[PDB]
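One chain comes next, on its own, written as structure tokens: the form deposited in one PDB entry.
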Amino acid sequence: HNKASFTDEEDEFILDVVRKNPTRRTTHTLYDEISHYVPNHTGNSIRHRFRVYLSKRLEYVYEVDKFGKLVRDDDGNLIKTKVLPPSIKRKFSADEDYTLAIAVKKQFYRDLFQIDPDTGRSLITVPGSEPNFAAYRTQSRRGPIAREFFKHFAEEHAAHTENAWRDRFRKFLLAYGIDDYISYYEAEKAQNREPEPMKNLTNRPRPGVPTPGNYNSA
């Protein structure tokens, strides 16, 4: 209802906002926010215009600091860069799912047998004999896991957050099976082919709850 053309000025405005909030280039909200200054168009309509009609023209973006604020030079001027900052939601590389599954198995093996996988070597000081990891199978174990496990892990592999790593463990690793993934990962790695991350394991809903990513007129 009442379609409108994107003017030269409106397009230039969109590009400018994206250049000024580059961490948010693939969001939906940013384009919704631009619709405040661009009354004729919707969030959906602005985002599409950019993505399809304008991105091939971006050329540069403006550089931003650690604190997510635009960086300025000595005399107030903004810094042009052909470097895109990281997005808000980072994806899981197979190497990350393996690094997670191993650390969980390590923690578990130490929680269970009270032995150091690698050294092994008792954590208390009874004399087994316990399985020589990777001989161990997680098999139905799902905890307990300390918030400290996730905190130090996220400290070590900062690409993802503590909450990010936990939910990857809960919804992805526990769904696929800790042993199942480690075996799969190693199977591939041996066969000179790069393995793939865990996918499609999300099993969740809702009544109302409108479809996300639809910033329309109504």
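Residue numbers here begin at 1 and follow the sequence given.
As for the form deposited in another entry, it is not shown, yet the points below apply to it.
Where the chain switches from one rigid part to the other between the shown form and the other one, the hinge residue selected from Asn163, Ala146, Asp73, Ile88 is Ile88.
A decrease of at least 3 Å in the separation of the C-alpha atoms of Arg51 and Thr161 is found in the other form, compared with the displayed form.
In contrast to the form presented, in the other form the C-alpha positions of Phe67 and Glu156 spread farther apart by 3 Å or more.
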